[PDB]
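# Remarks on the overall topology
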Number of protein chains: 2
Amino acid sequence: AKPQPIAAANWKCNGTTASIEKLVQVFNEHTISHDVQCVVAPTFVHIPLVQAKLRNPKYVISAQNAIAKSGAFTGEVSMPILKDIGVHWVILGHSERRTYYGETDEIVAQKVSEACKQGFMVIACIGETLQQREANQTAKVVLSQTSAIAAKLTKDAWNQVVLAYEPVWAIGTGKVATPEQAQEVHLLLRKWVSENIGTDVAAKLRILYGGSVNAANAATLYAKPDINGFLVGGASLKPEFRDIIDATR
Amino acid sequence: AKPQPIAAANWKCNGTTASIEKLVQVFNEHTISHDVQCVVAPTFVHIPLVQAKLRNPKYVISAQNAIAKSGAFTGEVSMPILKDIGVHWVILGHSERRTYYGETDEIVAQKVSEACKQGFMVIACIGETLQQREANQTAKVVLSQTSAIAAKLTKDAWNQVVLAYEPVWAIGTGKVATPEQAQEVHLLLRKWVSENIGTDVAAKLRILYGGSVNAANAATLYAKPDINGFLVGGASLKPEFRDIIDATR
Ligand SMILES: *CC(=O)COP(=O)(O)O
Ligand SMILES: *CC(=O)COP(=O)(O)O
C-alpha cells in the first residue's frame, strides 16, 4: 500500500497579504477527510501571516529555500532561524535555483544533509532538462542527482526525505508529464532507493511529481502505483489546489 | 550643514524570536532626541515580528535584499511583495551578494533602478577590495560602481538613494577604516555626484560609512564633514547600537 500522500504548494515569489488571506480562507474551509500531508510554502516574508491564518489541520508550512548556518549572509534565511520560528519543512534544489542561483548537485546534497541534521522534513527536487530527455539521459540524470543526496545521508535520515521528480520542461510550461512518463521515472527512482538504501526505506518513501499539475490531470497521475502526490506551482495559487489535494484520495 | 544622518542596522542572517524581542525592547526604550533616520534590516522571515514590536518613532524597517519582479523565483522576495507588507526600504549590492551570489555592477544598478521606480528608499552598497586598495584603485572602483548605478537613474530618483561606502576589507574583520580613510572616499564620491548629478543632489545625499563600526569609533567617524552616518553589521545586534545612533548627534 502507498505511504501517506503529500500535496505541496510552492507559491514561489507570489502573493499579497490580501490574496494570501483570501486563499488561506479557501484552504481552511476545505474539509479534508483522508490521510494526506498538505504543505504550503510561501515567500519568507509571508511565513508569519500564513502561520497566523492557516488553520486546516492537514497542513504544515514550508520554506522555499534555506542556507545551513546563520551568520554574515545578507539577504539569506538559515535553517536554525526557520526552526526557531516553527518552520520545520523546506524545499531544496528547486530547478531555477539549481540553474540560475548556482546550486550544484554537491551544494543541494549538502543543503539536504544539513536540513536533515537540523530535524527538517525535506522536499528535495530532482529532474532532467528537455535536452537531457531528448538525449535519453533521464534515468542517468535523476539517479545522479539522487545518489549525490544519498551520499551525504545516513539511512535513518531518509525518514525525513521526500523526493520531488520535477522535469524542467514541465515547470510552468503547460506541458505536464503524462502518467506513463511520470510513473516510469518514479518506478526507477524507487528501485534505486530499494537497492541502495533499503527495501523498508523504498516502501515508505514519498516520491512526488511536479510540473504543470492541475485539478484536471492530478487524479490520473495519482492512480499510478509509484506516485505519492504533487509539488504544485501555478495551480497552488488558486482554489483548484483543493481539487489536487482531493486527487490523492 | 549635513543632511539628516542615518544609523542603519544590517542584522544579516541572525536572530531568534527571543533575541529580537529583547533587542527591539532595548531599541524602543532608548529615547532619541535628535533628527536621525534609524533603520533595522532583519531577515525576511523576521520582518513581521519587527513590524509588530518595534515602536521607536525614529526607526523604519528595511529588507536586506530583493528582486525586482514577482513570479517563478523560488526562495526569493520581490519589491512589490515588500511594498505590500509595508517595507519601503531596501539594502542592495551588499558585498557578499556581489561576491558570491553573482550581483555584478549591472545587476546591482538594475536592482537599484527598479527599487527607485517602485518608491523604495535604497541603501546602495559600494566599496573596494583589499587588493583594489593596495593597487591604488579605490577611487576608480567606487566611482565605477556609483556611475553604473547613476546610469540607470533619473536625477529625481536620487532623493531616494543613500550610498553606503563599505570597503570589503573592513566588513566583520575588526579593522575599521580610519576617519581620514573614510572621509577621503566620501569627499571624492560627493564631488562626483556634484559634478555628474547636481550640486543640489550632492548637498542632500547621505553617504554612510560601513565596516567594523562600533560604539567607540562612531563619533570620530561622524565628526568628518562628508560622513552622514553608518551601515552597521555586528554591533547592530547588540545594545551598543544605541551609542552608534547617538554618535550621529
Ligand atoms: C514544482 C513546480 O516548480 C511546478 O510549477 P508549475 O507551475 O508547473 O506547477
Ligand atoms: C556593512 C557591514 O556589512 C558591516 O559589518 P560589520 O560587522 O563590519 O559592521
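Residues numbered from 1 in each chain as written, not as in the entry; some residues may be left out. Chains lettered and ligands numbered in written order. Heavy atoms only, no water.

The record names X-ray crystallography as the way this model was obtained, at a resolution of 1.97 Å.

### Focus on the packing of helix α7 (residues 138–150) of chain B against helix α8 (residues 179–196) of chain B
All names here are of chain B. Filter applied, for reference: Note on geometry: axes are lines fitted to C-alpha atoms, helical ones only across the stretch in contact, with angles between N-to-C directions running from 0 to 180 degrees. Helix numbers and strand numbers start at the N terminus; a helix is a DSSP run of H or I with at least 4 residues, a strand a run of E with at least 2. What sets the label is the angle itself: under 35 degrees gives roughly parallel, over 145 gives roughly antiparallel, 65 to 115 gives roughly perpendicular, and the rest give oblique. Should the near helix be turned anticlockwise from the far one by less than a right angle, the crossing is termed left-handed; should it be turned clockwise, right-handed. Throughout, a residue-residue contact means that at least one pair of heavy atoms, one from each residue, lies within 4.5 Å. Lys, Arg, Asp and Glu make up the charged group, whereas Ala, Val, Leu, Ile, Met, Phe, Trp, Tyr, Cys and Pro make up the nonpolar group; the residues left over, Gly among them, are polar.
At a closest axis distance of 10 Å, the pairing of α7 and α8 adopts a crossing angle of 40°. By the angle between their directions, the pair α7 and α8 is classed as oblique. The chirality of how α7 crosses α8 is right-handed. In this structure, α7 contributes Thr 138, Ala 139, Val 142, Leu 143, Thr 146, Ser 147 and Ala 150 to the contact, and α8 contributes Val 185, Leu 188, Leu 189 and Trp 192. Residue classes in the contact of α7 with α8 are distributed as eight nonpolar, three polar and no charged.

### Considerations on the site of ligand 2
Residue and element names in this part refer to chain B. Using the following cut-off: Being near a molecule or strand, for a residue, comes down to having at least one heavy atom within 4 Å of it. Here a polar contact means two N or O atoms within 3.5 Å. Within protein one must be a hydrogen donor candidate and the other an acceptor candidate, and residues neighboring in sequence count only if both atoms are side-chain atoms. Only the protein chains shown count as covering a residue, and every accessible area follows the Shrake-Rupley method with a 1.4 Å probe.
In the vicinity of ligand 2, the residues found are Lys 12, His 94, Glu 166, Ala 170, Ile 171, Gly 172, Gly 211, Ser 212, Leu 231, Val 232, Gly 233 and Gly 234. A distance of 2.7 Å separates an oxygen atom of ligand 2 from a polar backbone atom of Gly 172. In the model, an oxygen atom of ligand 2 is placed 2.8 Å from a nitrogen or oxygen of the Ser 212 main chain. Coverage of ligand 2 by the protein amounts to 95% of the 290 Å² it exposes when considered alone.

### Brief notes about the relation of the copies chain B and chain A
What counts, and what does not: Superposition of the copies is carried out by least squares, using only their C-alpha atoms.
For the match of chain B to chain A, the screw axis carries a shift of 0.0 Å, the RMSD comes to 0.0 Å, and the turn is 180°. Look at the turn and shift together and you get a two-fold axis relating the two. Nearest to the rotation axis, the C-alpha of B:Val45 is located 2.4 Å from it, this being the minimum over chain B. Residue by residue, 100% of the interface of chain B is reproduced at the interface of chain A, so both copies engage with the same surface.

### Concerning helix α5 (residues 105–117) of chain B
Because the α-helix completes a turn every 3.6 residues, residues three or four places apart line up on one side. Residue and element names in this part refer to chain B. For the record, the criterion: Expected helix span is given by 1.5 Å per residue-to-residue step, counting one fewer step than there are residues. Note on classification: 1.4 Å probe, protein chains only; a residue is buried when its accessible area is under 20% of the maximum for its type, exposed when over 50%, partly exposed between these limits.
Under the 1.5 Å per step criterion, the end-to-end length of α5 is 18 Å for 13 residues, consistent within 8% with the ideal 18 Å. Residues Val 108, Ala 109, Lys 111, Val 112, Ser 113, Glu 114, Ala 115 and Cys 116 constitute the buried set of α5. Buried residues along α5 sit against α3 (79–84), β4 (89–92), α4 (95–100), β5 (121–126), α7 and β6 (161–165). Remark: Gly 119 follows α5 within two positions and exhibits a positive phi of approximately 80°.

### Some details on the side chain of A:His186
Structurally, A:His186 is set in helix α8 (residues 179–196). Beyond its immediate chain neighbours, meaning those up to four positions away, A:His186 contacts A:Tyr165, A:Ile207, A:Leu208, A:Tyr209, A:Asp226 and A:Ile227.

### Things to note about the site of ligand 1
Residue and element names in this part refer to chain A. Close contacts around ligand 1 come from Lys 12, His 94, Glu 166, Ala 170, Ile 171, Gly 172, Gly 211, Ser 212, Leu 231, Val 232, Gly 233 and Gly 234, and that covers them all. The separation between an oxygen atom of ligand 1 and a polar main-chain atom of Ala 170 is 3.5 Å. Considered on its own, ligand 1 offers 300 Å² of accessible surface; in the complex 94% of this is hidden by protein. Residues that form the shell around ligand 1 fall into these classes: four nonpolar, six polar and two charged.

### Some remarks on the pattern of salt bridges
All names here are of chain B. Put simply, the rule is: The term salt bridge refers to a pairing of a side-chain nitrogen on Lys or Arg with a carboxyl oxygen on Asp or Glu at a separation within 4 Å.
If you walk through the whole model with that rule in mind, you get 22 salt bridges over all chains. Between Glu 180 and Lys 224 there is a salt bridge, and its shortest N-O distance comes to 3.2 Å. Within this pair, whereas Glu 180 is found in helix α8, its partner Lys 224 is found in the loop between α10 (218–222) and β8 (229–232), the two being separated by 44 residues in sequence. Among the ionic pairs, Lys 191 bridges to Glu 195, the shortest N-O distance being 3.0 Å. One end of the pair, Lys 191, and the other, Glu 195, are both in helix α8, four residues apart, so they sit about a helical turn from each other. The exposure classification of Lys 191 matches that of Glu 195, with both residues exposed.

### Topic: the environment of B:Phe241
All names here are of chain B. When you line up the elements, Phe 241 lands in helix α11 (residues 241–246). For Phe 241, a relative accessible area of 0% puts it in the buried group. Note: C-alpha distance between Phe 241 and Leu 23 (218 residues apart in sequence) is 9.8 Å. When neighbours within four sequence positions are excluded, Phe 241 is seen to be in contact with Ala 7, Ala 8, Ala 9, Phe 27, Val 39, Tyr 59, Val 232, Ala 235 and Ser 236.

### What about the UniProt feature "binding site: substrate" in chain A?
We apply this condition: UniProt positions are given in the numbering used here, feature names are shortened, and annotations may be inferred rather than shown by experiment.
Mapped onto this numbering, the UniProt entry annotates "binding site: substrate" at A:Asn10 and A:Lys12. Topologically, A:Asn10 is positioned in strand β1 (residues 6–10). The buried category is assigned to A:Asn10, whose relative accessible area is 1%. Setting aside its immediate chain neighbours within four residues, A:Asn10 contacts A:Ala41, A:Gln64, A:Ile91, A:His94, A:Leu231, A:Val232, A:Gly233, A:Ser236 and B:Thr74. Of note is the side chain of A:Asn10, whose polar atom sits 2.9 Å from the backbone nitrogen of A:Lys12. Residues within four places of A:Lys12 in sequence aside, it is in contact with A:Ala41, A:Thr43, A:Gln64, A:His94, A:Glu96, A:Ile171, A:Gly233, B:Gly71, B:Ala72, B:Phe73 and B:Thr74.

### Topic: the sheet that holds strand β5 (residues 121–126) of chain A
Consider a sheet: its strands pair through backbone hydrogen bonds, and that pairing is either parallel or antiparallel. All names here are of chain A. To be explicit about the condition: Paired strands are those between which DSSP finds at least two bridges.
Taken together, eight strands build a closed barrel; the order of strands is β1-β2-β3-β4-β5-β6-β7-β8 and the barrel is parallel. Taking the axes of each pair of neighbouring strands and ignoring which way they run, one obtains an average angle of 25° across the sheet. Relative to strand β7 (residues 206–210), strand β6 (residues 161–165) runs parallel, the two sharing four bridges. Bridged to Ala 164 within β7 is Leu 208. In the packing of helix α7 (residues 138–150) onto the sheet, the strands contacted are β5 and β6, and the crossing angle to β5 comes to about 150°.

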